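Below you'll find the structure, written out as structure tokens, and then a few comments.
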Amino acid sequence: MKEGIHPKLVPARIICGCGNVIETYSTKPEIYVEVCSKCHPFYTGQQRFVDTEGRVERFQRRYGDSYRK
Amino acid sequence: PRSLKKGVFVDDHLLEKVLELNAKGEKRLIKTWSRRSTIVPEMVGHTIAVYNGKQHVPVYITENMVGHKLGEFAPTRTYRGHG
Amino acid sequence: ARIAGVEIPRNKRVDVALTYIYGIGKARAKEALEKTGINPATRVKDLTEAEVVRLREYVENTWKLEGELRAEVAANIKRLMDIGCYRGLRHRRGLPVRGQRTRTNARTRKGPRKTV
Amino acid sequence: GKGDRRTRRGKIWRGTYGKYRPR
Amino acid sequence: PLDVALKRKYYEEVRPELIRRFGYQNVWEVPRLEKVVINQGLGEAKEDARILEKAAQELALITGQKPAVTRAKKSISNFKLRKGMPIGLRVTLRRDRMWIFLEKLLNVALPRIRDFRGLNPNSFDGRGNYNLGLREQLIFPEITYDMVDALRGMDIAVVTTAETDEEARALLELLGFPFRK
Amino acid sequence: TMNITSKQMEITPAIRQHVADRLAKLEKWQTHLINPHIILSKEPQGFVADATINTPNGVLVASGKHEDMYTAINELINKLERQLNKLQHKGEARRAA
RNA sequence: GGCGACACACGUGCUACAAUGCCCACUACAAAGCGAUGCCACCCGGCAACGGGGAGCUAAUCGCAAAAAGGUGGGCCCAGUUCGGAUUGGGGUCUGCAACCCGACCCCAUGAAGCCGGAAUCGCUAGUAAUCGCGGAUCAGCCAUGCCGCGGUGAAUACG
RNA sequence: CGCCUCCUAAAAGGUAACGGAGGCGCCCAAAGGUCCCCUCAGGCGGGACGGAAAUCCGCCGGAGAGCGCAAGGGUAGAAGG
Ligand SMILES: [Mg+2]
Ligand SMILES: [Mg+2]
Ligand SMILES: [Mg+2]
Ligand SMILES: [Mg+2]
Ligand SMILES: [Mg+2]
Ligand SMILES: [Mg+2]
Ligand SMILES: [Mg+2]
Ligand SMILES: [Mg+2]
Ligand SMILES: [Mg+2]
Ligand SMILES: [Mg+2]
Ligand SMILES: [Mg+2]
Ligand SMILES: [Mg+2]
Ligand SMILES: [Mg+2]
Ligand SMILES: [Mg+2]
Ligand SMILES: [Mg+2]
Ligand SMILES: [Mg+2]
Ligand SMILES: [Mg+2]
Ligand SMILES: [Mg+2]
Ligand SMILES: [Mg+2]
Ligand SMILES: [Mg+2]
Ligand SMILES: [Mg+2]
Ligand SMILES: [Mg+2]
Ligand SMILES: [Mg+2]
Ligand SMILES: [Mg+2]
Ligand SMILES: [Mg+2]
Ligand SMILES: [Mg+2]
Ligand SMILES: [Mg+2]
Ligand SMILES: [Mg+2]
Ligand SMILES: [Mg+2]
Ligand SMILES: [Mg+2]
Ligand SMILES: [Mg+2]
Ligand SMILES: [Mg+2]
Ligand SMILES: [Mg+2]
Ligand SMILES: [Mg+2]
Ligand SMILES: [Mg+2]
Ligand SMILES: [Mg+2]
Ligand SMILES: [Mg+2]
Ligand SMILES: [Mg+2]
Ligand SMILES: [Mg+2]
Ligand SMILES: [Mg+2]
Ligand SMILES: [Mg+2]
Ligand SMILES: [Zn+2]
């Protein structure tokens, strides 16, 4: 590589919020991120962050069967 | 919306013709003036004519239109814009 | 893109900041800081990083927010517009939905006046 | 102001009660 | 050649599963990565403030490599484009920096994407290469909210030695590329 | 803008446009015609064309009658012109010391 | 079913565009009215609308009832914001045979326009204007921000 | 009305008409000398904003691009970048 134009790559820590730490390389030796592949809901299986809903409507109402048959 | 303590309202005279069709191998076309009646699941799959004040509108009930009223599907005002 | 994907303002208190999130109002701001035991009057510039991911964790796991919320609200307006019910028609035309008079006003739904 | 239901002043304007104006 | 986990994962895990999935008879036949070409079609800096040096300072932090200036082929009146004008940045990543970039790309960048639901499975070259665009540059771990000024995305070309899209789908998915379909 | 009321009577959009074109004679005086309001009506002997218009210098109120509706309209404009030209020039009279 | 429609246009009003302000907690000070399938104390459940218990009062006795502005304390720090509360998604309550068209209210979320308004134009001469709440008729409920009343705080100016 | 290009012009050169069509009266301090390096237009597929067409990637693609300006000749094994 040409000299004096490229940011030097050094060994680097990456600390995600989920405690996962990656041993990679970067121009910054230590970086904090809010998410990573180890915890992101698309990555960690069908980790439905909230809406493990199912249908949900238009029948799980069932309030109720009091009308006659 | 209606209190949950009260029931899911159907005019009873419409609910009856639903089950007689269910318990015999439906369907015949149902004419009705019961805009106020809820679309209970036993109705799913029928086609019912709703009076809008002028015409009885054929409304095919599907699975995703249950917690609703029959009037919502036979609108009353003809409007096509201005100009 | 701190929490939750929205870079909430520093300089402001936590309860006030978290309102700058799609899905979190004054009510849910009280709920997040009690359930994680954070002083609701602490500026975002002063949250210990332990506090942040503590606050971040509870918020994102409890409630639907930003994109997932917006996709859902749209999906409900979409299904209303597909099943052809009356409210769906009002969304089809951009007219109001909750029974308001349209002979005048309704400028929020219609937009600024179109001359003739 | 008075037109805001989620405040005390709004519930006073309407004559109603709730979480933001208890009785 | 540095020891980077993605490169090691390529040789130790990825290659054996590829040989087994396709039955290659020569070690040079198994798909590998040729290069990763990052491109910014800036153009919002054509005349305005040709101080895209802001962006070159960014891509250099992201890749450890100084990007090079792309200049307009012909002149285009509707785009307000004079032949020769500087309209973006291309940086070509190979060998360890290519691995080092892709390593952080799969681990950190793609997860930070807004409402991320996986890479587009249909974006393949038809000859075994892949391409994806980005909407922002904060996606990367080195570019913080403080230092940024404007929202500039990029194109990323992933060039493999695979002759077909299927072999390339296999290689990239095995490296940790999250596809939705 | 200009409003037209047909009291206890139905008129066409053509008739309304004739009225707007006839009131356009008042644009001669190059003064703001503010919310002009015409009322066409039917009495047992003929039609009545009323009008109320405000200008920066005063208001105009006039009523025209005739068997023929257009003539009653025209008579209205004549009475409205004479008032407008009075509003626009009466101040010039007491000018010399 | 419509009278509630909606490319538009005008009249009357409500809430505002903020710091003489907004929010929360605590604490004062009225008048006139209404009230026996009525007004509801107080207790319990619910964040709440409300629900279940249940006393009192044919009512200067019991109840609607808390008046609000104000006072005290704390927050907000000039940003389309802790200004503003439109619009919409979702969840409930209650009346009523029935709330799709087309009810009011509560709760979560959404959080629009609006930065004081062109030509033009209205009211008001003193407890008035301005501002703050309270009550009643109609009334199952309510589209009342209307109307008829009631008190609280309380000005400016009139040469001519 | 002088000059350039093509045709008329009858396969050397030349060849007329108030015959058929276009251009010139500049320009360039590099658009000149040399050395080194590089190769087009276009089609298809892929890629945030981004489009028929901006920039990126892959495959095909001998010259249809380019060569300041008319036309012709020439030309990438460069006269083009
Ligand atoms: Mg060297
Ligand atoms: Mg050297
Ligand atoms: Mg919010
Ligand atoms: Mg309404
Ligand atoms: Mg006020
Ligand atoms: Mg508010
Ligand atoms: Mg090898
Ligand atoms: Mg493909
Ligand atoms: Mg390939
Ligand atoms: Mg980053
Ligand atoms: Mg009119
Ligand atoms: Mg005349
Ligand atoms: Mg009706
Ligand atoms: Mg009416
Ligand atoms: Mg309406
Ligand atoms: Mg009009
Ligand atoms: Mg009003
Ligand atoms: Mg006012
Ligand atoms: Mg300001
Ligand atoms: Mg805003
Ligand atoms: Mg604005
Ligand atoms: Mg606000
Ligand atoms: Mg709702
Ligand atoms: Mg209704
Ligand atoms: Mg004001
Ligand atoms: Mg004026
Ligand atoms: Mg007087
Ligand atoms: Mg009142
Ligand atoms: Mg009532
Ligand atoms: Mg010749
Ligand atoms: Mg010849
Ligand atoms: Mg010859
Ligand atoms: Mg010779
Ligand atoms: Mg000649
Ligand atoms: Mg010439
Ligand atoms: Mg040079
Ligand atoms: Mg090409
Ligand atoms: Mg293409
Ligand atoms: Mg695109
Ligand atoms: Mg393109
Ligand atoms: Mg050529
Ligand atoms: Zn993580």
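Numbers restart at 1 for each chain; the letters A, B, ... are given by sequence-line order, proteins then strands. Because only heavy atoms are used, hydrogens play no part in the values below, and waters and symmetry mates are left out as well, while side chains stay in.
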So what does [X] hit on the nucleic acid, given a heavy-atom distance under 4.0 Å: a base, only sugar-phosphate, or nothing?
X: C:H91; value: sugar-phosphate
X: E:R90; value: sugar-phosphate
X: C:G23; value: sugar-phosphate
X: B:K54; value: nothing
X: C:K78; value: nothing
X: D:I12; value: sugar-phosphate

What's the spacing between B:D11 CG and B:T38 OG1 if we round to 0.5 Å? 9.5 Å

With G:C29 and G:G151, is there a Watson-Crick or G-U wobble pair, both distances less than 3.5 Å? no

Give a yes or no on whether H:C40 and H:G64 pair, Watson-Crick or G-U wobble, both distances under 3.5 Å. yes

Complementary nucleotide for [N] - Watson-Crick or wobble, under 3.5 Å:
N: H:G14; answer: none
N: H:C59; answer: H:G43
N: H:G68; answer: H:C26
N: G:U93; answer: G:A104

With the side chain defined as heavy atoms from C-beta on, B:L4 is closest, among G:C108, G:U93, G:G89, to G:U93

Do [X] side-chain and [N] base share a donor-acceptor contact under 3.5 Å?
X: D:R9; N: G:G133; result: no
X: B:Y79; N: G:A7; result: no
X: E:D125; N: H:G45; result: yes
X: B:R36; N: G:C97; result: yes
X: B:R35; N: G:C100; result: yes

Given the rule in the side chain to side chain contact (heavy atoms under 4.5 Å, CB included) test, do E:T160 and E:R32 qualify, once you have shown the distances and angles that lead to the verdict? CA-CA 6 Å; E:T160 80; E:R32 47 194 201 283; over 6 Å; no

Apply the syn/anti split at 90° from 0 to G:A28 and say which one it is. anti

Nearest-nucleotide comparison on RNA chain H, the residue closer to the 5′ end among E:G41 and E:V158: E:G41

Which is more 5' along RNA chain G, the nucleotide nearest D:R8 or the one nearest F:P56? Just name the residue. D:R8

